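Note sheet for the following structure.
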Amino acid sequence: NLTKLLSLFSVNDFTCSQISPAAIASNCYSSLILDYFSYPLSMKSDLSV
Amino acid sequence: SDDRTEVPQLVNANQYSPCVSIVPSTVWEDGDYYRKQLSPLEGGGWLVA
């Protein structure tokens, strides 16, 4: 339950590549990797694919 | 339409493949792939070959 996890936080931006945020909640996968770290909203333009 | 159930479309006897609408009469290069998004009436999701 990922919409569970994202209900704890206040979410400011959600962009995906080769998928959508809608799609990434729904689908099943053989492997999911979650990377997390501290990061300022001021530097959003630098956190881009 | 869940973006990650894949269902092979098998050809029935005395019929053409459902993919003949998206696969050229001659394939340009070995391994080329074709896609076509489906209308909600057609079932949603995609057709792929």
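Here Cβ is always computed from backbone atoms with ideal geometry, including for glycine, and neighbour counts include all displayed protein chains. FYI, it's all coordinate maths here, none of it is from the lab.
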Between region B:1-34 and region A:1-39, the Cα center-to-center distance that results, in Å: 31
Exposure proxy ranking, count of Cβ atoms within 10 Å, fewest first, for A:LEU6, B:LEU10: B:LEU10, A:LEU6
Signed unit charges on C-beta, dipole axis of chain B, positive-most listed residue B:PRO40, B:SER21, B:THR5: B:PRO40
Karplus-derived HN-Hα couplings along region A:31-43 (A = 6.51, B = -1.76, C = 1.60, θ = phi - 60°), whole Hz, x at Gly and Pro: 6, 10, 10, 10, 10, 10, 6, 6, 6, x, 4, 4, 9
Cα extents of chain A along the three principal axes, largest first (Å): 33, 25, 17
Estimated dipole of chain B in Debye, rounded to 20 [Cβ of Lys and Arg +1, of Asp and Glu -1, Cα centre]: 140
Share of pairwise Cα separations in chain B, more than 12 Å, in percent: 70
Order of B:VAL48, A:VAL49 under a 10 Å beta carbon neighbour criterion, fewest first: A:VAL49, B:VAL48
Per-residue ³J(HN,Hα) for region A:16-25, Karplus 6.51 cos²θ - 1.76 cosθ + 1.60, θ = phi - 60°, Hz, x for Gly and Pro: 10, 10, 6, 6, 10, x, 4, 5, 6, 7
Point-charge dipole on Cβ atoms (K/R +1, D/E -1) for the protein assembly as shown, about Cα centre, debye to 20: 280
